[PDB]
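See below for the structure under consideration.
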Amino acid sequence: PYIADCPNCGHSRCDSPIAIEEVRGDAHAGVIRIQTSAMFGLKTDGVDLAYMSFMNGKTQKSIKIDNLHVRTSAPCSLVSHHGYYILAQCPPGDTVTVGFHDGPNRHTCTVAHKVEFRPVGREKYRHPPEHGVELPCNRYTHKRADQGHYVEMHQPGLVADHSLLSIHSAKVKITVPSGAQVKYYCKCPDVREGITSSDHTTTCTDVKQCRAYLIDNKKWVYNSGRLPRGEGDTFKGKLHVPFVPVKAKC
Amino acid sequence: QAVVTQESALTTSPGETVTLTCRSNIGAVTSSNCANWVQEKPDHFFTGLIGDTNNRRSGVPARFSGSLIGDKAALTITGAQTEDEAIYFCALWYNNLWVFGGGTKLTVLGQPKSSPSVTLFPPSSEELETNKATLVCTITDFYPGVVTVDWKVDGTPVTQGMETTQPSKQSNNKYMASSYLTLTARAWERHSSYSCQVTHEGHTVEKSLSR
Amino acid sequence: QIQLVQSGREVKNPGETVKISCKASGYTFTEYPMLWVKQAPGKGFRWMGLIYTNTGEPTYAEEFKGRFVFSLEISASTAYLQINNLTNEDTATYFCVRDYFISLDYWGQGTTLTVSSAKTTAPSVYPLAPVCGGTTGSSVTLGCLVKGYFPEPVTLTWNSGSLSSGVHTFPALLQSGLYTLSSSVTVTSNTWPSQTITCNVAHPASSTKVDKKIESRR
């Protein structure tokens with residue numbers, strides 16, 4: 010579940026795991042396909058699409074989806090989630106505004122995007138009716154068994170985590186998640202790369218002049234614009250899109 | 122240029138859960154302060170318990186755990202024991218130096234009371250050869266650690282000549298103390314009945330010598 | 045496993061210098077530096093600084109930059125504290141400590157300094173045997189009175205240290221300008237006076253060593 014910089018995250022620009030990129034109000038059926046940077050779906054391991062894994066800390070939190078809310082000018086209706094990606098039936102709206110409820114906090118994310126829903130037809134409704142003729146609209150699927158396209162999803166770059174840079178009672182003290190690769194030095198001269206377990210820092214003292222980094226590329230990410238490049242390489246991780254636009258007859 | 126503050130004293134009973142805290146005068150305590158907890162048992166005996174907020178030193182019972190509660194570092198003793206009665210100090214890191222807290226004296230219910238073991242010795246003779254005589258009254262293994270020692274030469278409460286140390290903690294966690302009554306070779310030979318009276322948790326123990 | 049054993053306690057008149065050793069055991073000296081802490085009589089615990097036992101660079105707390113100097117006999121796993129131009133308000137106990145696990149994990153025993161003007165007086169060692177009559181119980185308590193010495197410290201053992209169980213040594217106390225110390229030992233009534241029990245006393249400042257066997261009064 011990637012974490013990026015939401016633009017108007019309740020107050021202002023936070024870093025939400027559900028940071029909204031690639032809003033697509035381009036279909037007709039009241040539907041938008043969205044990508045959160047969060048990867049809900051199965052858990053970390055193997056079970057139940059209808060659970061909920063975002064990033065809290067450096068860490069995931071693969072738990073229940075209980076109180077998702079996509080919304081716009083009005084509250085939307087979820088359609089389905091798969092991967093980083095959710096489909097939801099929305100009305101028109103100047104913006105798009107997404108958010109779940111972890112339980113202790115609202116913890117939402119919101120974004121600008123021009124949305125409309127013309128139905129296909131010479132009638133310019135604002136909303137799909139219960140009746141009328143069927144005719145060839147453009148629309149996204151409910152399903153996941155989907156390969157019609159795939160987007161590049163290679164590694165994450167590093168990320169900041171100054172929870173690492175503690176103090177060794179006079180020196181600034183870095184640690185490691187699980188033996189992950191922490192890329193480290195300070196403005197002063199000390200250890201210059203950092204590919205280590207928990208190091209200390211001989212030279213500098215201040216937490217605010219050091220490289221708290223997490224090269225933790227055991228799991229790839231979506232290639233968000235709000236991602237820092239993993240400078241090393243274009244790793245593999247070509248990964249499908251579920252919600253292909255299909256020729257449904259709305 | 123930072124002041125760590127800790128509770129002054131806390132009293133608990135064996136089996137209870139007790140929390141000690143460590144507050145920083147500059148702001149909330151955070152993981153970059155690497156809170157350390159150190160225990161001081163009697164005899165200038167130091168051991169480290171927790172480091173880097175929640176890392177338990179090796180061989181420190183699991184009843185001890187550290188954490189950050191609110192804006193402060195905390196030490197929780199889960200199932201406090203009689204053996205945990207000691208002074209706990211917290212230390213906080215501040216980018217370049219360590220600041221220690223004032224320490225919290227923790228008292229834990231336990232160790233059934235124990236009466237003192239009193240012994241009074243006469244001035245040895247090699248010492249009476251110096252024209253001096255010192256009666257030594259030793260008192261060991263008493264708990265609670267508070268006593269009253271009163272000397273009585275020939276039926277009369279001596280009131281000058283005596284010196285009583287301060288109760289010192291033995292290893293078993295009981296206390297000891299000794300009192301000295303210094304006479305002159307001569308004062309010695311004069312009077313005839315010496316007695317060291319020790320009062321402890323209400324009972325009295327009198328140990329008398331006869332010259 | 046890890047033992048940091050410190051030098052014994054000194055007495056020094058104002059102006060003097062002291063070198064307190066800390067001999068480390070159980071770890072590789074080089075991967076763990078040393079904390080020097082001052083626990084002043086009333087005041088509580090204070091960090092004096094840290095020495096990088098790898099490079100050798102010391103950090104001093106600002107309170108300690110000046111008269112204090114950390115050094116190390118690397119080679120012997122020793123760290124040392126040296127306090128020069130001793131001030132009278134430096135009486136306190138100094139602990140060495142190992143910095144590890146984002147804090148301090150092991151502390152030493154402490155070396156206590158008593159800065160104090162005074163000459164050198166050897167102690168008088170007196171045996172303390174039970175009263176002239178009877179004394180019949182399952183056990184028996186003997187004693188040893190180390191009277192009138194200066195300065196600190198004295199060391200006291202029983203039977204060269206082979207008899208340590210049932211011993212109470214009482215902290216030295218200053219009386220009329222001199223220190224006095226005492227110790228008791230309790231053994232089964234069959235041990236004494238059948239087997240010899242001896243008080244061993246050393247006063248380093250005067251090069252005085254006294255062995256006093258406890259003899260029955262009659």
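Protein chains in written order, with the working numbering: chain W, 10 to 259; chain B, 122 to 332; chain U, 45 to 262.
In this text, a Cβ means the ideal position worked out from N, Cα and C, and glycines have one as well.
Open item on the list: Beta-carbon within less than 6 Å of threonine 230 of chain U's beta-carbon, same chain only, minus the 5 sequence neighbours each way: which residues are those?
Closed with: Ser183, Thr185, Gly210
TODO: Closer than 7 Å by beta-carbon distance: list the chain U residues that pair up with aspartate 173 of chain B, in chain order.
DONE: At a beta-carbon threshold of 7 Å, the residues of chain U lying near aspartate 173 of chain B are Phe145, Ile146, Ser147, ordered along the chain.
Task: Beta carbon of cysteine 317 of chain B nearer than 8 Å to that of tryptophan 272 of chain B - done: yes
Open item on the list: Along the chain, where does the beta strand (DSSP E) containing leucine 256 of chain B start, and where does it finish?
Closed with: 253-263
- [ ] Use the C-beta contact count for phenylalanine 244 of chain W: other C-beta atoms within 10 angstroms, 16 or more gives buried, fewer gives exposed.
- [x] The residue in question, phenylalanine 244 of chain W, is exposed, as its Cβ has fewer than 16 Cβ neighbours within 10 Å.
Task: Contacts around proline 237 of chain W, its chain only, beta-carbon distance under 6 Å, and the 5 residues preceding and following it disregarded - done: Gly166
TODO: May I ask you to check if the CB of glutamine 83 of chain U is nearer than 7 Å to at least one heavy atom of the ligand MN?
DONE: Inclusion of the ligand MN in the displayed structure is not the case, the ligand content being empty and no account of it being possible.
Task: Secondary structure of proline 171 of chain U, DSSP reduced to three states - done: strand
Open item on the list: Using 8 Å as the cut-off, can you tell me whether the region 144-159 of chain B makes contact with the region 182-200 of chain B, which would need three or more C-beta pairs spanning the two stretches below that distance?
Closed with: With the rule of 3 Cβ pairs closer than 8 Å, the region 144-159 of chain B counts as touching the region 182-200 of chain B.
Task: For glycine 231 of chain B and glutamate 206 of chain B, the rounded distance between their alpha carbons - done: 9 Å
Open item on the list: Could you pull the DSSP bridge partners for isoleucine 241 of chain U from this structure?
Closed with: Answer is none; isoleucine 241 of chain U lacks a bridge partner.
Task: Members of the region 218-248 of chain W that neighbour chain U once the beta carbon cut-off is set at 8 Å - done: none
TODO: May I ask you to list the residues that DSSP assigns as paired with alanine 189 of chain W?
DONE: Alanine 189 of chain W pairs with nothing; no bridge assigned.
TODO: Quick one: give me the first and last residue of the beta strand (DSSP E) that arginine 307 of chain B is part of.
DONE: It is not in any beta strand (DSSP E) - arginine 307 of chain B instead sits in the alpha helix (DSSP H) that spans 306-311.
Open item on the list: Going by C-alpha to C-alpha distance, which of W:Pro198, W:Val56, W:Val250, W:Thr117 sits closest to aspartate 155 of chain W?
Closed with: W:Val250
Open item on the list: For a cutoff of 8 Å on Cβ pairs, would you count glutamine 291 of chain B as touching chain U?
Closed with: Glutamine 291 of chain B has a beta carbon lying within less than 8 Å of a beta carbon in chain U.
- [ ] For my contact list, residue 64 of chain B and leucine 189 of chain B are in at a C-beta cut-off of 8 Å; report their separation, rounded to the angstrom.
- [x] Lying before the first or after the last residue shown, residue 64 of chain B is absent from chain B, which here runs from 122 to 332.
Task: Under 8 Å by beta carbon: chain W residues contacting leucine 94 of chain U - done: Under the 8 Å cutoff, chain W gives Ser178, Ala179.
- [ ] Could you tell me whether any Cβ in chain U is nearer than 8 Å to the Cβ of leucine 302 of chain B?
- [x] Closer than 8 Å to the CB of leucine 302 of chain B there is not a single CB belonging to chain U.
Open item on the list: Is there a C-beta anywhere in chain A that falls below 8 Å from the one on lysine 182 of chain W?
Closed with: Absent from the structure: chain A. Protein chains present are W, B and U.
Task: Assigned secondary structure, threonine 164 of chain U (DSSP; H/G/I helix, E/B strand, else coil) - done: coil
- [ ] Return the residue from the list U:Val245, U:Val81, U:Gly70, U:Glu117 that minimises the CA-CA distance to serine 204 of chain U.
- [x] U:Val245
Open item on the list: Check whether the region 219-233 of chain W and the region 186-196 of chain W are in contact - that is, three or more C-beta pairs closer than 8 Å.
Closed with: Contact between the region 219-233 of chain W and the region 186-196 of chain W is present, because at least three Cβ pairs lie under 8 Å.
Open item on the list: Strictly by DSSP, which residues pair up with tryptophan 272 of chain B?
Closed with: B:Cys317
- [ ] Count the other CB atoms, across all protein chains shown, that sit within 10 Å of the CB of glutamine 47 of chain U; report buried if there are 16 or more and exposed otherwise.
- [x] exposed
- [ ] Just the chain B side, please: which residues come within less than 8 Å of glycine 110 of chain U by C-beta, in chain order?
- [x] In chain order: nothing, as chain B lies at least about 16 Å away.
Task: Distance between beta carbons of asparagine 76 of chain W and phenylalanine 49 of chain W, contact taken as under 8 Å - done: Between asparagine 76 of chain W and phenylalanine 49 of chain W the Cβ distance is about 13 Å, and since that is not below 8 Å, they are no contact.
Open item on the list: Determine, for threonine 103 of chain U, whether the minimum Cβ-Cβ distance to residues of chain W falls below 8 Å.
Closed with: yes
- [ ] Check the C-beta distance from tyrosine 231 of chain W over to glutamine 44 of chain W and give it rounded, since I have them as a contact under 8 Å.
- [x] Between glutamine 44 of chain W and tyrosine 231 of chain W the Cβ distance is about 7 Å, and since that is below 8 Å, they are a contact.
Task: CB contact check: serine 204 of chain U to chain B, cutoff 8 Å - done: Judged by the 8 Å Cβ criterion, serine 204 of chain U is not in contact with chain B.
TODO: Could you say if the region 252-263 of chain B and the region 288-299 of chain B meet the contact criterion of at least three C-beta pairs nearer than 8 Å?
DONE: yes
Task: Whole-angstrom distance between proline 26 of chain W and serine 86 of chain W, CA atom to CA atom - done: 21 Å
Task: Within 9 Å of chain U by C-beta, residues of the region 144-177 of chain W in sequence order - done: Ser175, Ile176, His177
TODO: In the DSSP assignment, find the beta strand (DSSP E) that holds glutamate 284 of chain B and state where it starts and stops.
DONE: 283-285
Open item on the list: Please identify the residue among B:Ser236, B:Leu213, B:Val229 whose C-alpha is closest to the C-alpha of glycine 223 of chain B.
Closed with: B:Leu213
- [ ] Name the one or two DSSP bridge partners that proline 84 of chain W has.
- [x] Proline 84 of chain W is bridged to W:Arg80.
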